[PDB]
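Report on the structure given below.
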Amino acid sequence: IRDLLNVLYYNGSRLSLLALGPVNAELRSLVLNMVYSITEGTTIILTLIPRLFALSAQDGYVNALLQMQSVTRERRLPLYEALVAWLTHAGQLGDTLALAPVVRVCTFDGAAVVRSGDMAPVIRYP
Amino acid sequence: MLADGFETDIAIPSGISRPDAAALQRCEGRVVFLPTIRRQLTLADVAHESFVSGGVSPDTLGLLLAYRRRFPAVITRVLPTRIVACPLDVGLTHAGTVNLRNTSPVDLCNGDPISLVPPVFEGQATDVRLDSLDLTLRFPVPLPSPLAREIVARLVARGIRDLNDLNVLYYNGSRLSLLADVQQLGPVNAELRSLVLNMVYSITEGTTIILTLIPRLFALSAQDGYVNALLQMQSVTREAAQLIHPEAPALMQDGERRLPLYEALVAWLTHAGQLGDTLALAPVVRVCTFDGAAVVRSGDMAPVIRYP
Amino acid sequence: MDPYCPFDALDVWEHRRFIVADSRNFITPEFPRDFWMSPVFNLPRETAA
Amino acid sequence: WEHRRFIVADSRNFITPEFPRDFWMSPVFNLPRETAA
Amino acid sequence: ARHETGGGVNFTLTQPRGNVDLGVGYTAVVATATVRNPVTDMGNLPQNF
Amino acid sequence: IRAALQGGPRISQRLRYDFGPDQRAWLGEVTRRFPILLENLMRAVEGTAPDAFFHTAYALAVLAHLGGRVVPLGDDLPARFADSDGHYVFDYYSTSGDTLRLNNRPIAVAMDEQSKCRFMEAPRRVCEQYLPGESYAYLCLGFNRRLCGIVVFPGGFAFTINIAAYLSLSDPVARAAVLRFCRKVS
Amino acid sequence: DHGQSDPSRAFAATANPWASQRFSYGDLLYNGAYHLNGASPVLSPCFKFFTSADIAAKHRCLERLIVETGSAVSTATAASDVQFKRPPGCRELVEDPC
Amino acid sequence: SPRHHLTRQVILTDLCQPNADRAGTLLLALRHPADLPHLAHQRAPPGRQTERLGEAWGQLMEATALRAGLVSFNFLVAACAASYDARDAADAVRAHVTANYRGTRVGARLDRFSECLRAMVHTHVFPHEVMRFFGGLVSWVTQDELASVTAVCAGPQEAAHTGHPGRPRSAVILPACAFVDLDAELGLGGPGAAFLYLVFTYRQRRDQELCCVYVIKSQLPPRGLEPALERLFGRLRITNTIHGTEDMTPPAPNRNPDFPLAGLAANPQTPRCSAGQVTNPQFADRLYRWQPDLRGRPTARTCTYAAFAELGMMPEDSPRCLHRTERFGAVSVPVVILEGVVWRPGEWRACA
Amino acid sequence: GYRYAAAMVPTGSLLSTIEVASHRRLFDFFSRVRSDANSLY
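Shown next, in the form of structure tokens:
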């Protein structure tokens, strides 16, 4: 998204992600779904409520958000033909980008920290 | 999962006619909502006799909002004295494989996460009504996942029209449609709030930058074929590019020490990417056929192994 | 004559044990406001002069 | 439990009273150094 | 004890034991005889704060 | 009081009191009721006898200030009145009806934008129960060792008043007033 | 106490005014109880000489003080590169005459 | 003889003590704390002090001397114990932490580790990202400053061999300041199995923050917990929205008017441009200009109140709760004893 | 509690069976076991 940060800290052990040539190009379809589904979402809700940005940032916007939280208070645009279609795509990326884990490591008779290249024991949720 | 599995008993009374008892052995695999994890329940808890709220009959949409407050279980076998089921949240069986049966007009391929949906389809709403005991067993319809994201998104969109077409589905090129009914104003406000809270939380200070990428996509869609087939033909932002050219805010408050785009994406995957689970229930179930075929037809059994 | 308030009002469920953020509420009586009269300070019949 | 409505005490809550034009020209806000009292 | 980790099954063996020192007074001697190689080089590493 | 309300102000609340939606109707009268109170402040403070004036919290805040310019008599001030600047000592005047004073002993409430209230350590008076601005029928009038004041209306709406820039007592008048109304600290 | 004399050399109150007395320049640098240098892993060898909280916690019976210095816990480590304060892991039975 | 999984880990005994807390307490692991002063430097909301956390966590490491360890549950409860409801029992959980753990001046840690949790939330590295579940004690071998911990990370608690053939099982032990049911407190009194939920509670104010840990037993699924956690803490979700956002600077007054897409789409006289004309100054600079401000908006990371996770279940017909007090040396504690618990953890889920 | 091996060989048996949980206050040690308690062994 910067093209149109690479410091990771785990275990107190510094990582790096930069090392870029094909990696920028290979990931390009991931970027173009992530941008669009957000920018479609932040305009339909901006169309349903045309006041989400024109309210004052700390007087009125907090007034409207608190009433949204409370349970007990009750040509043509292709507007409602988009809320269907936007939830098809945003409902899809929720599977492949949540990254549901399969494996838990419970160590036994060995090192607590598993190093790069070891053989680690594996359990699944029972 | 328990070490020997968990299997409930749904108690059958004594007075049931043989044209009613011999029609319950066609429930070898169905889906039954339990409210508890009791080992001995009654049929008067299972049927739609136990479903009805105070005075008010349910629609097809608010019927979802008492599914997630209940426990979906699968009948493994109807015995002549009782009905043995297995819940999906506690544990499946020893092997974890549970046999099912389709009610769907929709075929099942491998690896499809099964969600369950009420009988919304026309020409489909078939329930076994027991005349001997006034019992109405509404059995929900197992569907593949991306249809289940659609049909929930269809019916929520239908009620928003009625506060001030739509009913056309396609799967493998087969047209199929659903019933058009009036909707109760209660369970629509329970869904409209569940949308907007899970949606306004997806707006972050970092989203000011991504709004300024909208005029870049509309030009980029004219060069790559992947991107015009991405926007849509009936999209919205394509009409936003022909009217509004945004630009970014100039400076930031402490714009060195923080990552604005990274905050907007993590807060997007936890609210909007979670939304397909908020409206519907959890897709616990998917299909792992061992040796039978690749695709399970409608009306045939299918083995099931769990999933988050 | 209404006091300006940005916030309209909210709905707060409170279990009696889990009371946290101990603020205090404004007490108003049970009789209606037509009985709550305007203040009258009677001037004396004579003046200090 | 207990249920009630709830208005938040924010410091932006102000109040605007109205004064009469001849209010501050009152014989008590304007006292001499030596009165008859 | 039998417990399986890693496909293989560990057979951990334990044995509980006891130590009672029944000596009223001193009953054992260590005697430092010779000196092997010093670990620390006797050098000048000045200390920072 | 005139210096704090000369140009037309907005009296924001300085305290922390949550309302009710029916309770907007009560504060709506307090707006209409507002300038009549400020007169009958100055009337009822004038209306006291000069011998009986020196039981109020206002007189015991002046004598605690002229002493440092000793403890005032009767020991009405708290033991921690001279520690920080939030340790105020209040009065309680009736809002409706005849505007009177409703206190035996001056009442000390320590405080901390907004700030909460809190009593301190110490036959019975009903008006001793409630914090400043907590309820109807209580105007509150509290002062400092700095002799900066505050007038707290029902709901927590208040504004600070500097009395010390207007108290005009000369030094021989002051030390003749201190020695008569204080006591030397042991 | 510097109204009393040094038990080693009894004709002087100390041998350093800047190290022996309380709140001295020696105390302010090398006590555990003030924590100037507990953040760095490098050992200070006079940590056991100045920290008065450790000696006052020890007992006085010479029957047990002798055996406990037969198997005392060293403050240094040998697996460290330069010389480190010990990790809370390791224990080395190293005898202390000091 | 059912199936259960074990763990072993050589663990510093800085904060958890298997000498004091016997077999059957919860354990919570941590990430390695060298990343904490950088994550607070990175994920912090703007207009706050980022390096407050490293000073606060620093003073804890500067007070245990008078490596990713483990925090037992009784240590975490007693740290946050100054904000509970049954205050008499809350000063009984602290009353044996300072008097049974191997070490001196324990109160200098309890007024520091709770002070660390007062700095986790303002520096916005939330402790449920850092706190991870670890199993319950079935055996321990101890020494000075480290011990070998053997827990059960999966399975039933009531099956692992303790090592003593005198008492060759255990039972889950929890203090009575955190075991909050939602059966008797919601009216649902029917029989049935019940789950177990760990819950953190946040309260974001200007240097006035809290922490409350509970082991909540309920019959709701994780899919149906989000109303019930709002049910108790309705004021907390309010005060996190209204008092959480501070020193974020707003652009005032309203720089942004209404959003004119719906007003310009229905008119034919409105100027437009195609794909080849956009990103050019001779076509796009006659269109509408739109400069939205998002500063001081109470974002979802600034509006959190709770964070749950699964802990396990109780598969009986009815849960068997007990209420006893057992002896930790010379101080006895209000303890809720849970019987027959099967361990299954889950992911953390923010309730923003 | 009490010695479970001692009650394995009893010195004399009771005759009338009564709900003992009503007469709790007479006893120094009292414990109800549902079917099998873990702490019996």
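If you read the sequences in order, they're chains A, B, C, D, E, F, G, H and I. Just so you know, the first sequence maps onto residues 160 to 163, 176 to 190, 195 to 249, 267 to 318 in the entry's author numbering. Just so you know, the second sequence maps onto residues 1 to 164, 175 to 318 in the entry's author numbering. Just so you know, the third sequence maps onto residues 1 to 49 in the entry's author numbering. Just so you know, the fourth sequence maps onto residues 13 to 49 in the entry's author numbering. Just so you know, the fifth sequence maps onto residues 1081 to 1129 in the entry's author numbering. Just so you know, the sixth sequence maps onto residues 494 to 562, 569 to 611, 618 to 627, 633 to 696 in the entry's author numbering. Just so you know, the seventh sequence maps onto residues 1228 to 1325 in the entry's author numbering. Just so you know, the eighth sequence maps onto residues 104 to 169, 180 to 465 in the entry's author numbering. Just so you know, the ninth sequence maps onto residues 10 to 50 in the entry's author numbering. Even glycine gets a Cβ: it sits at the ideal position worked out from N, Cα and C.
Can you look up residue i in the DSSP assignment and give me helix, strand or coil?
i                  : result
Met426 of chain H  : strand
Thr247 of chain A  : coil
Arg82 of chain B   : strand
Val1269 of chain G : strand
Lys694 of chain F  : coil
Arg185 of chain A  : strand
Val106 of chain B  : coil
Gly286 of chain A  : helix
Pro394 of chain H  : coil
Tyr510 of chain F  : strand
Can you name the start and end residues of the beta strand (DSSP E) that residue i belongs to?
i                 : result
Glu14 of chain C  : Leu10 to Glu14
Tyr181 of chain A : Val178 to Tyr181
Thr136 of chain B : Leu135 to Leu137
Going by DSSP, what residue range makes up the alpha helix (DSSP H) through residue i?
i                  : result
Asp201 of chain H  : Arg200 to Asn213
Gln112 of chain H  : Here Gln112 of chain H belongs to no alpha helix (DSSP H); instead the beta strand (DSSP E) covers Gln112 to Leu115.
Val1104 of chain E : Looking at the DSSP string, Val1104 of chain E is not in any alpha helix (DSSP H), and its letter there is neither H nor E.
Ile27 of chain I   : That residue, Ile27 of chain I, is in no alpha helix (DSSP H); it is neither H nor E in DSSP.
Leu223 of chain H  : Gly220 to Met233
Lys621 of chain F  : Looking at the DSSP string, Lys621 of chain F is not in any alpha helix (DSSP H), and its letter there is neither H nor E.
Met209 of chain A  : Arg203 to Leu223
Would residue i pass as an interface residue toward chain C - the criterion being a Cβ-Cβ separation below 8 Å?
i                 : result
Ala545 of chain F : no
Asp204 of chain H : no
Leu133 of chain H : no
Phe26 of chain D  : yes
When the cut-off is 8 Å and only beta carbons count, does residue i lie next to chain B?
i                 : result
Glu273 of chain A : yes
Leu289 of chain A : yes
Counting only beta-carbon atoms, is residue i nearer than 8 Å to chain E?
i                  : result
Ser1271 of chain G : yes
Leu109 of chain H  : yes
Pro318 of chain A  : no
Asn1264 of chain G : yes
Does any residue of chain A have a CB that is nearer than 8 Å to the CB of residue i?
i                  : result
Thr1085 of chain E : yes
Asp8 of chain C    : yes
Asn1128 of chain E : no
Give a yes or no on whether the minimum CB-CB distance between residue i and chain D is below 8 Å.
i                 : result
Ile450 of chain H : no
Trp13 of chain C  : yes
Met610 of chain F : no
Say whether chain H places a C-beta atom closer than 8 Å to the C-beta of residue i.
i                 : result
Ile114 of chain B : no
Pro197 of chain A : no
For residue i and residue j, which I take to be in contact (beta-carbon distance under 8 Å), what is that distance rounded to the nearest angstrom?
i                 : j                 : result
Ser595 of chain F : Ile27 of chain C  : No, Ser595 of chain F and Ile27 of chain C are not in contact; Cβ-Cβ is about 14 Å, not under 8 Å.
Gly268 of chain H : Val455 of chain H : 7 Å
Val243 of chain H : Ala273 of chain H : About 27 Å; that fails the 8 Å criterion.
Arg17 of chain D  : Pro514 of chain F : 5 Å
Should residue i be flagged as near chain G, meaning a C-beta pair shorter than 8 Å?
i                  : result
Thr1107 of chain E : no
inquiry  = Any C-beta of chain E within less than 9 Å: which residues of the segment 215-234 of chain H qualify?
reply    = none
Below 9 Å between beta carbons is the criterion; list the residues of the segment 242-263 of chain H that meet it against any residue of chain G, in chain order.
-> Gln256, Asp257, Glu258 and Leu259
Mind checking the segment 324-351 of chain H against chain C and listing, in chain order, the residues whose C-beta falls within less than 9 Å of any C-beta there?
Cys325, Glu343, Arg344, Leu345, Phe346, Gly347, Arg348, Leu349 and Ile351
query: When Cβ atoms are compared, which residues of the segment 1300-1324 of chain G fall closer than 9 Å to chain E?
result: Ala1303, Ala1305, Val1309, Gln1310 and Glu1322
Give the residues from the segment 181-198 of chain H that approach chain C closer than 7 Å (Cβ to any Cβ), ordered along the chain. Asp198
- Listed from N- to C-terminal order along the chain, which residues in the segment 227-248 of chain A have their beta-carbon within a distance smaller than 8 Å of any beta-carbon of chain E? none
Item to complete: Using a Cβ-Cβ cut-off of less than 9 Å, list which residues of the segment 393-407 of chain H approach chain B; keep chain order.
Response: Within the segment 393-407 of chain H, the qualifying residues are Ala397, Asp398, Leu400, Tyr401, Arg402, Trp403, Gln404, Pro405, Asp406 and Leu407.
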